[PDB]
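**Q** This structure is in structure tokens; I'll ask about it shortly.
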Amino acid sequence: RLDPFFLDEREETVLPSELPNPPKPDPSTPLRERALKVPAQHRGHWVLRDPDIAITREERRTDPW
Amino acid sequence: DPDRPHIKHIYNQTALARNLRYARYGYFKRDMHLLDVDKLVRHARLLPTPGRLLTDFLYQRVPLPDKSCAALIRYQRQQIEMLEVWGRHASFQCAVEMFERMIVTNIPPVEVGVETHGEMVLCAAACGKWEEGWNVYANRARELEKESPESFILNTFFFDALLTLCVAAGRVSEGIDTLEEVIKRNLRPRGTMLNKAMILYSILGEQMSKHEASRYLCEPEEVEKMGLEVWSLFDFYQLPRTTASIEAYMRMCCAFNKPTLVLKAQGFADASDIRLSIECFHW
Amino acid sequence: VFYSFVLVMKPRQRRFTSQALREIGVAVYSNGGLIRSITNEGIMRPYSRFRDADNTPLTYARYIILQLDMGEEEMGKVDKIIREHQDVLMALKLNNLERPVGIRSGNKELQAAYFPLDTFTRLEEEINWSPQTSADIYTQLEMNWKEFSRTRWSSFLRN
Amino acid sequence: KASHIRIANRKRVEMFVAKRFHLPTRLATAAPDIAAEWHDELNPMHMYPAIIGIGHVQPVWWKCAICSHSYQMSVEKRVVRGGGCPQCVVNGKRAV
Amino acid sequence: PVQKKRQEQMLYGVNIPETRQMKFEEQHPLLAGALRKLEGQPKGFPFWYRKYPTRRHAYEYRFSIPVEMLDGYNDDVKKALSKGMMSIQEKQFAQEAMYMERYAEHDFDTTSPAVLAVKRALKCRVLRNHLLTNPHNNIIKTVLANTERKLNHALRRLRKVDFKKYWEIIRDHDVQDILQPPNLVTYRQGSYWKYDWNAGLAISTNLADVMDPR
Amino acid sequence: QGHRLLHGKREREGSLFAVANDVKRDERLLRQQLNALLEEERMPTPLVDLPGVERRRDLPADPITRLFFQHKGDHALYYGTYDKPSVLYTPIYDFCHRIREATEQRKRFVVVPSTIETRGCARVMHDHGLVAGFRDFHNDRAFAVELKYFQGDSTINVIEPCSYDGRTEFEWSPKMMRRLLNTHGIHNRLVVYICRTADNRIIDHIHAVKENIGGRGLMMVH
Amino acid sequence: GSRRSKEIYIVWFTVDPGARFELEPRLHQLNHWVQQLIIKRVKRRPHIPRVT
Amino acid sequence: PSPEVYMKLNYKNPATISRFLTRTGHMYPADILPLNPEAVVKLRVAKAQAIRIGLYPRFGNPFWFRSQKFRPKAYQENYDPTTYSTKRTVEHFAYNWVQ
Amino acid sequence: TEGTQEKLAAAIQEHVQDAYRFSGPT
Amino acid sequence: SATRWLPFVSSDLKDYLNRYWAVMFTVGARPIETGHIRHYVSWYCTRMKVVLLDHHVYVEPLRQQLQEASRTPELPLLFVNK
Amino acid sequence: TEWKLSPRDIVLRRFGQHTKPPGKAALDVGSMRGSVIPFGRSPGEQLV
RNA sequence: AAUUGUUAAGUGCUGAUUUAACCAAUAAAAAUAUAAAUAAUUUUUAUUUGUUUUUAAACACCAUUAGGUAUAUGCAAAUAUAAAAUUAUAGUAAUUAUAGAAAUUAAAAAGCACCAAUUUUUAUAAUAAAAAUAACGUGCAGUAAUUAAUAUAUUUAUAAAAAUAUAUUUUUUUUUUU
Ligand SMILES: [Zn+2]
């Protein structure tokens, strides 16, 4: 098993919209079915990386986030 | 063939038969399994970095012999030659990285032989690294020789590289020991090896002259006995005299304070054919 | 200053950071270089948590300013030593010290009209000013401030 | 232009030569049992098995695992050519 | 600006006007001017100024500082201004001044053909060394292709106006075939030797000092 | 003792080359200021702002024009205020183009580059009444032509060089000069055709027929 | 939008209506920004529209 | 220019970087914030160098409200320019109860 | 020295295609 | 064309009047009174320079000089033909 | 110091040495198809 | 004001914000302007296509939810930027509106089959008279008040078509002005 760095950040940055202690889900919990694996750089918020709010491919064509 | 051409003026500048654009690197990327990397380094245009050349050779998965590794490190060595004195370290790091890539890849078939170690010793001689060339690479080549004989044998090129390293590093006794190892291995040396040995004897004679002006062997009268016999080794095997041989012999005789041998050598240079090489007039 | 570095280092024990700085200074001195200055800035909490070699986000970090005079090939050697260090999370190389920023890309007529000895002879704190630094602090050093500041607390001691 | 990645967040290498050469030929990844015998005291602090490759020709310090003995061996001699502890080989011929 | 940079390289105080205030100093007084005014060790008038009229005369230290200027400073200031601490531009100017010591007519001379030829050759060496480590720089290719033609022009006029210095430059730097015709078809019609007539160099060699013209 | 050969007009005129490494740098302003530094006020006499000749034999033979010149030894060189204008092929082509583009804009002075065949064509145009006057005519680099206007429009209507493409030059025979004097079946003193003789004298088409000569044709103007 | 996209009408409202007059003028300062966003981000645009 | 701004347009001044940036930390347009041409070159390298060592966040502006001069009052929702010419020098001589 | 026979085969195949150009279409 | 583009800035009110025909000095907190003058001036097809005093480098010099030309401290202020 | 220049790499144009050609400076006789008259065919042409 | 940076820099591919980006290399440097080609035969920053297989985790696309495909770095090939020379075309019918398109409209949008400048095939101990095919441009391919256009490259028999990947242009004035 490899590539933990590719889905994660180089350095942990904290946005001003999530202050303090930004809400991060556990990496052991899998995402939803047919969801999108977006990197931790091009994410709008860590709540959008929740497995229930993980955007799918058909939701990507209609909603941006 | 670029080395033995059967036509004069291989290239031209005509309107329709113009062929200089077809001589660049990339038209020989079609056949890299049959390619000769020595002529590729010598005769090609717009060649990349030799690290990128090694990346393209290992990316095509071609079975590189010792000649290919020697040609790639020879390209890196020519890059070391052309650069300035204060910019030699990074190209030597490129050389040691290419050597590591040639060691650890092992698929496509790549083997490091005595010519590749001689090219690395020549790279360290051009950079001026005694502790990196002699202690690491020469010892690794000697370990690979004493570990597996009959397939990894030190030729004259490896010892010529060692003598170049001993001349560029100023180490005198190690070069004489490598020439004695050449002699004891029952193989003839090159003329440049005897030129480097005469240069090392000149360095030793100049150091003895400085030490006696200021106030291994502390007896200088035997050193000429070890010096002029290197001139006797030119008439020993075949070893025809060249210009740098006359230069090193006159430098060695000037280091030993014998002007009659210099006046004899300047007439011996005009005997058969030697261009008289204005530093020879300096000596 | 010829070269300056802002070393961000992991808050390890005192002996490990001392050995790291000692090896950096030994690599500077062995290549024929001079240390102008080295200053420790304590442990601060940065806006971004850097990751070490084992991918652990560090909340705290130690900042060290290192001002050196080294040759450029030897500076490349020391920079390759520093950037591959296990404790150094990040280090920027201040190469705009002899010539100020905005001369090369700015006005073309104001390109050869500067003096490199103006910036080379002063320290890095006199080129890049801190928020506590100002011009009146520099004029206080030449004004014989010892005979003047002895009366500054004559009004607050009774209240 | 060219894209780069940092091996163990320290060693900036180019991305194409990393996937071919630099990443799978490191000491801590390709030879984990050999990298476990790395000497942490006598080696320099800017040299560690997360960035040092297999074919590092310069000799580094190795702390032996069977006996408590430190020695200097090359990394390519230890992995490619095959190397061990000098005290272990002099005790191996002494026993048998 | 490309001439003002070479003027700053060659001459000492061309940046400093009569008013003793630079163009960068008048807009940025805190960065260019001195911050501290110390009453200590005034050096006085330079009585050794005759040895250094140009910055090509003092390339031993950094910023073309002479040896007499560093007298009372410690070994750290003298080591920080040594040859090992010089930049790439300072080392290339030292290489330029090494030949300017050898081939100049007077001290403020920079446009002799023997000086211009070695300047073009050092520039071609710098551009070739940049194209070795970075072959994908397309501007340096055109600049090298222009500088080699200008070097050919400078050496081809140096061959005609001063043959001894040209032959010395050819012998010393191991470039014997640097003046060769590129194409046989153009050489076959005498177009390579028409350069000597078209540039005004056909009657340049003195016949009494080379051969016997009888 | 071997001496270096002076090659080119810059080394033969003795250029200082004060600017580092540049041989094509302009030199007239710095040399004029150094020559003004060379002169001194002698007290028991200085020079005037009138133009000067380096030799006494170079004075003009006209006694009225000789009042406007004086003898300066080495201060007679580097005279002038205007410099060489830029932005074509021939100085005659540029001299025609600048006058043609400045007569449409109704300007008073045109700064044209001063060569040998340019100021002679300007003198011939001033003789025929197409040019009102000149400014800084002794400058060997550029001089100003003061144009002539009469009742709103310009006196110079059409001014065209002989090298219409700027490259190909022409050599006029005296038969060509007699053709230009009698063109289209009339007697032409209206359109002025100017040539340069083998004696380097700039002569119009009337005086060329008068002494039965030809020359290299420069330009026409009417 | 219209049938040939000559004008676009973006329909908006607020949660609290009393804040609408705080969001009314500033949103009308974004019409050129919306037009540049349509020119940059949107390909196959029948006309560059007037924003309302 | 002012003597204190170009000396402090560096990585070690987080407020002087932030006084030329917007609320999200990015750049203003040229018509809104016109600047000296060297000051923008100083700012764009100072922000990147302070971000690189963690002295400045990659997103945001932690000194934004410190830089805005036109501040509304606590009992107001917008800023009005008529409060600039108040010039209240205590003409009615208000004495606080703690005095 | 070993890869000259395949290069000769490629050269003679190229000469054979140049002779195939005599055939024209198809 | 012959010069690289550069934003105009000045610490004096007189350089704004001598440069532009119609200059307006606004604040960002007053969008209604700014946009009404934007409607009136653009109706007569007049070129206009709007200077937002929010995020300017010479706010305190310009707020003093606008108090001398216009006695009321109210923004925006329209300036046509000096 | 040293000059490591080789004229073979200069003449054969290694490292991709590119000389920009001049702009329509051929000046040949075969392409010209017009008779050249002094002052051109129409010397003074006024655009009205 | 731009290009490149691996052994130098910045770097999540600086263009989301933003007419402004650290450092390194690159702005000039023979005679002659009349001189009858005084110069070179080189390169590609842009688009596709190849180069390798646990050897891109991802994102996107064609079979429908899962496979492959590529895509970005390293190299490489082809084409292209840019007028002029050479040959031919003179007139087309369109544009929308939170429906008086009852309006304004020639500032030239173009030259698988049909039409005989031509072309193809063959004779094995015998050596050319038999067959076939013109050259070039359309070609019913539409509508829903359907439908941005142009240029390059690739794939599908709706091929006079349709799809994919980039670039450029089109805004009607309430945003910008060296
Ligand atoms: Zn052991």
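Read-outs throughout are calculated quantities, based only on the coordinates presented, and are distinct from any laboratory measurement. Because the Cβ atoms are built from the backbone with ideal geometry, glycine has one as well, and the counts that use them run over all protein chains shown.
**Q** How big is the equivalent ellipsoid of chain F along its three axes, where each semi-axis is √(5λ) from the Cα gyration tensor, reported in whole Å from largest to smallest?
**A** Result for chain F: semi-axes of 35, 21, 19 Å.
**Q** Further question: For chain A, which longest stretch is free of loop sites, where a loop site is one of the GluC sites (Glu not before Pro) that DSSP puts outside H, G, I, E and B and that has at most 14 other Cβ atoms within 10 Å?
**A** Values: sites that count: A:18, A:33.
Maximal segment without exposed cleavage sites: A:34-65.
**Q** Given only helices, namely DSSP H runs of n ≥ 4 each adding -39500 (n - 2.57), what is the per-residue ellipticity at 222 nm of chain C, to the nearest 500 deg cm²/dmol?
**A** When only DSSP H runs of four or more count, the value is -7500 deg cm²/dmol.
**Q** Need one number: convex hull volume per residue for chain D, Cα atoms only, in Å³.
**A** Taking only Cα atoms, chain D has a hull volume of 99 Å³ per residue.
**Q** As a test, work out the antiparallel percent of DSSP beta bridges whose residues both lie in the range F:12-159, rounded to the nearest 5. Each step should come with its number before you reach the end.
**A** Working: 11 of 13 bridges.
Here the antiparallel bridges make up roughly 85 percent for the range F:12-159.
**Q** Further question: So what is log10(I(q)/I(0)) for chain B at q = 0.07, 0.12, 0.17 1/Å, when the Debye sum runs over its Cα atoms only?
**A** One equal scatterer on each Cα of chain B leads to -0.34, -0.90, -1.32.
**Q** Taking amide H positions as placed in the peptide plane 1.01 Å from N, state which residues far from residue F:27 in sequence (5 or more) or on other chains have amide H under 5 Å from it.
**A** Residues meeting the amide H criterion: none.
**Q** Okay, moving on. Kindly write out, for the range F:46-63 in residue order, the coupling ³J(HN,Hα) from the Karplus curve 6.51 cos²θ - 1.76 cosθ + 1.60 (θ = phi - 60°), rounded to whole Hz, with x marking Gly and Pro.
**A** After applying 6.51 cos²θ - 1.76 cosθ + 1.60, I find x, 9, 9, 7, 5, x, x, 10, 6, 10, 6, 6, 8, 5, x, 6, 6, x Hz.
**Q** Okay, next question. Quick check on my link table: of C:77/E:83; C:80/K:4; B:39/K:4, which ones sit more than 26 Å apart, alpha carbon to alpha carbon?
**A** C:80/K:4
**Q** Restricting to Cα pairs below 8 Å that are 6+ residues apart, what does the relative contact order work out to for the range C:1-103? Please round to a whole percent.
**A** Relative contact order for the range C:1-103 comes out at 45 percent.
**Q** Nearest 10 degrees is fine. How inclined is helix E:163-172 to the longest principal axis of chain E, computing both from alpha carbons?
**A** 70 degrees
**Q** Find the centroid of the Cα atoms in the range B:251-283 and in the range B:181-240, then give the distance between the two in whole Å.
**A** Cα centroid of the range B:251-283 versus Cα centroid of the range B:181-240: 16 Å apart.
**Q** What pairs from B:29/I:7; E:23/E:51; E:4/H:42; B:146/B:184; B:210/B:258; C:108/E:4 go past 19 Å between their alpha carbons?
**A** E:23/E:51; E:4/H:42
**Q** Can you compute the FRET efficiency between residue D:69 and residue B:86 using 1/(1 + (r/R0)^6), with r the Cβ-Cβ distance and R0 = 35 Å? Round to the nearest 0.05.
**A** The value I calculate is 0.25.
**Q** Can you work out ³J(HN,Hα) from phi for every residue in the range B:266-278, in order, using Karplus 6.51 cos²θ - 1.76 cosθ + 1.60 and θ = phi - 60°, giving whole Hz and x for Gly and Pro?
**A** Here the 3J(HN,Hα) series is 6, x, 5, 5, 7, 6, 7, 6, 9, 6, 8, 6, 2 Hz.
**Q** Related question: Check residue F:52: other-chain or 5+ apart residues with amide H under 5 Å from its amide H, H built from backbone geometry?
**A** Under 5 Å from the amide H of residue F:52: F:70.
**Q** Now for a separate question. If the reach is capped at under 22 angstrom between alpha carbons, list the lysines near residue G:43, excluding any in the same chain fewer than eight residues apart.
**A** G:6
**Q** To continue, here is another question. So, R0 is 60 Å and r is the distance between the beta-carbons of residue F:108 and residue J:60; what FRET efficiency does that work out to, to 0.05?
**A** Working from the Cβ atoms, E equals 0.75.
**Q** Please report the relative contact order for the range A:1-59, taking Cα pairs under 8 Å with a sequence separation of at least 6, and give it as a percent rounded to a whole number.
**A** On the way: 48 pairs, mean separation 22.7, N = 59.
Relative contact order, the range A:1-59: 38 percent.
**Q** Just need the relative contact order of chain H here, percent rounded to a whole number, with Cα pairs under 8 Å and 6+ apart.
**A** RCO, chain H: 29 percent.
**Q** Mind listing the phi-derived Karplus ³J(HN,Hα) values for the range A:51-65, rounded to whole Hz, using 6.51, -1.76 and 1.60 with θ = phi - 60°, and x for any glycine or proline?
**A** Along the range A:51-65, the couplings run x, 7, 9, 6, 6, 9, 6, 6, 7, 6, 6, 10, 10, x, 10 Hz.
**Q** Once each part is reduced to its C-alpha centroid, what is the distance from the range D:19-96 to the range E:111-130 in angstrom?
**A** If you average the Cα positions of each part, the centres end up 50 Å apart.
**Q** Another question, if that's okay. I need the GluC sites (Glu not before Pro) found in the range E:1-77, filtered to DSSP loop residues with at most 12 other beta carbons within 10 Å of theirs.
**A** Hits after loop and neighbour filter: E:18, E:39.
**Q** Given points 7 Å out from each Cα along the Cα-Cβ axis, report the residue B:209 to residue H:97 separation in nanometres with one decimal.
**A** In this crude label model, residue B:209 to residue H:97 measures out at 10.5 nm.
**Q** Counting other Cβ atoms within 10 Å, keep those with at most 16, restrict to DSSP loop, and tell me which trypsin sites (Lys or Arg not before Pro) in the range F:115-164 are left. Each step should come with its number before you reach the end.
**A** Numbers: sites: F:119, F:123, F:135, F:141, F:148; in loops: F:141, F:148.
Passing both the DSSP loop test and the Cβ count: F:148.
**Q** Now, a different point. What's the FRET efficiency of residue C:140 with residue E:105 using the Cβ-Cβ distance as r and R₀ = 51 Å, to the nearest 0.05?
**A** In this case the efficiency is close to 0.40.
**Q** Now for a separate question. If one computes P(r) from the Cα atoms of the range H:19-99, what percent of pairs lie at distances over 14 Å?
**A** The answer is 76 percent, as a whole percent.
**Q** Measure off 7 Å from each Cα along the Cα-to-Cβ vector at residue C:158 and residue F:86, then give the distance between these two points in nanometres to one decimal.
**A** Label at residue C:158, label at residue F:86, 7.7 nm between them.
**Q** Just from its helices, what would the mean residue ellipticity at 222 nm be for chain J, if runs of 4 or more DSSP H residues each count -39500 (n - 2.57) and the sum is divided by every residue, rounded to the nearest 500 deg cm²/dmol?
**A** Mean residue ellipticity at 222 nm (helix-derived): -11000 deg cm²/dmol.
**Q** If I model a spin label at residue B:145 and residue F:1 as a point 7 Å from the Cα along the Cα→Cβ vector, what separation in nanometres do I get?
**A** Going by the 7 Å Cα→Cβ label model, 6.2 nm.
**Q** While we're looking at this one, here's another question. Report the extension gain between residue E:184 and residue E:35 in nm, rounded to one decimal, defined as 0.36 nm multiplied by the number of residues separating them, less their alpha carbon distance.
**A** Stretched fully, the residue E:184-residue E:35 segment lengthens by 46.9 nm.
**Q** Tally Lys and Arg at +1 and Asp and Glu at -1 over the other residues with C-beta under 10 Å from the C-beta of residue H:11: what net charge comes out?
**A** In short, +3.
**Q** By what distance, in whole Å, do the Cα atoms of the protein assembly as shown stretch along each of the three principal axes, largest value first?
**A** 127, 120, 98
**Q** Express in whole angstrom the spacing between the alpha-carbon centres of the range C:49-93 and the range F:166-217.
**A** One Cα centre to the other: 83 Å.
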